[PDB]
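>>> experimental structure and its sequence below.
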Amino acid sequence: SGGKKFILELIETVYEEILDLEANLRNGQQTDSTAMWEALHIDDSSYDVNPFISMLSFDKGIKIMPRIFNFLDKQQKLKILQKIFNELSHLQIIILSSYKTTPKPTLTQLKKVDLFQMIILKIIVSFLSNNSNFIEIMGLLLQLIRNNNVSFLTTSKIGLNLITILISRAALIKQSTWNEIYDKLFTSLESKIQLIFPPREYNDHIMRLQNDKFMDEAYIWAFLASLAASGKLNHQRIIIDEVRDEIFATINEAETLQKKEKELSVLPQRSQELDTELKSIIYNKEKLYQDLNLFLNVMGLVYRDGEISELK
Amino acid sequence: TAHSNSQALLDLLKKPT
Ligand SMILES: [Cl-]
Ligand SMILES: [Mg+2]
């Protein structure tokens, strides 16, 4: 709770407040975002689940987020990011994007996940890059690690992608407290790193719904590239040991595509449809090499031409 | 070194299990 009607009436209020601010601004009139900020209920603990968190369950709530950020200051935006991180596991979008809680998502559920990802992660990237200081990024990570089961978040594409954004920004911000925060994150992941890879039945289900024969796992390798990057030799050792089977599953998949390419390219007669198939195979074969190499290169390793070796 | 670390990681990765 809730309830459903109350949250929908709250979104309508947010829409009304934003439209008044937008109208005032356009006409070059003085804007006051107090009524709008109060309509959000960020500083509200009167319910089991925070009303703003509940607003994010609805696509209409998600779509107005960039417009809300146009009328907020630095601290207000940070309060929003902190409420999101603090209650990540109680966000229905995380429950929908997790292969554990939602093993069979509907196409509608997948569209909601994708809408949320391109809107909410764009907002977070824009705020953290320009501009947020060390203490604030460290604070968001600690909020995420202390108020959530981190391994459950890594089973969700949004959860994993939110963690990658935070690690990658922290890695850029220092040219020693991060070293302690990173190890707290590593602690919560150790012996569960393989669980970031969804089971085959989940991937087969996502593929049927989108009519595709290849799963995009670039985000999984980007998370791993980031984690290995900020880790010491002992962390990299654990990562390699835990994801070893996934590295060899990706290589087998790429080598299967490499052989399909060679067998079809030798065919004397070639139509535009065989041309399309070969380009599709070449594209997917090269994508697997690139995704795995984003991770391996970080540890000075490279997959070429048929094996893994030290990067020159 | 970065070389010795990379070699340790390669050797670990190349183990069957
Ligand atoms: Cl927990
Ligand atoms: Mg203020």
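Here it is on my side, so go on. Numbering: from 1, shown residues only, chains lettered A, B, ... in the order given. Ligands and ions are numbered 1, 2, ... in the order given.
>>> who are the packing partners of the strand or helix carrying residue A:38?
Here residue A:38, judged by DSSP states H and E, is contained in helix A:34-40. Applying 3 or more C-beta pairs under 8 Å, 6 or more residues apart in numbering or on different chains; DSSP states H and E, we find helix A:34-40 packed against helix A:4-26. Using the backbone N, CA and C atoms, a C-beta is placed for each residue, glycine as well.
>>> pull up the residues of chain A that are close to chain B.
Proximity of chain A to chain B (C-beta under 8 Å from any C-beta of the partner chain) is limited to residues A:233, A:236-237, A:240-241, A:244, A:247, A:299-301, A:308-311.
>>> now, of the residues you listed, which are buried?
Among these, those classed as buried by 16 or more other C-beta atoms under 10 Å in any protein chain shown are A:236-237, A:240, A:244, A:247, A:299-301, A:308.
>>> roughly how far does the closest residue to residue A:22 other than its chain neighbours sit from residue A:16?
Using C-beta to C-beta, 6 or more residues apart in numbering or on different chains and skipping residues adjacent in sequence, the residue nearest residue A:22 is residue A:67, 7.2 Å away. Between residue A:67 and residue A:16 the distance is 12 Å, computed by C-beta to C-beta, to the nearest Å.
>>> cool, and residue A:148?
Where residue A:16 is concerned, residue A:148 sits at a distance of 33 Å (C-beta to C-beta).
>>> those two: which has the busier surroundings?
Each of residue A:148 and residue A:16 has its neighbours counted (other C-beta atoms under 10 Å in any protein chain shown); residue A:148 has more, 19 against 13.
>>> OK, contacts around that one?
Taking C-beta atoms under 8 Å, 6 or more residues apart in numbering or on different chains, we find residue A:148 in contact with A:88-89.
>>> what is the three-state secondary structure of it?
Residue A:148 falls in the coil class when you classify it by DSSP: H, G, I helix; E, B strand; the rest coil.
>>> for it, phi and psi?
Residue A:148 adopts backbone torsions of phi -150, psi 150, taken as degrees, to the nearest 10.
>>> near the residue nearest to residue A:22, how many other residues are there?
Neighbour count of residue A:67, defined by other C-beta under 10 Å: 15.
>>> pull out the buried residues from the helix or strand where it lies.
Counting by DSSP H and E, the element that carries residue A:67 is helix A:65-69. Across helix A:65-69, burial judged by 16+ other C-beta under 10 Å covers A:65, A:68.
>>> fine, thanks again, bye for now.
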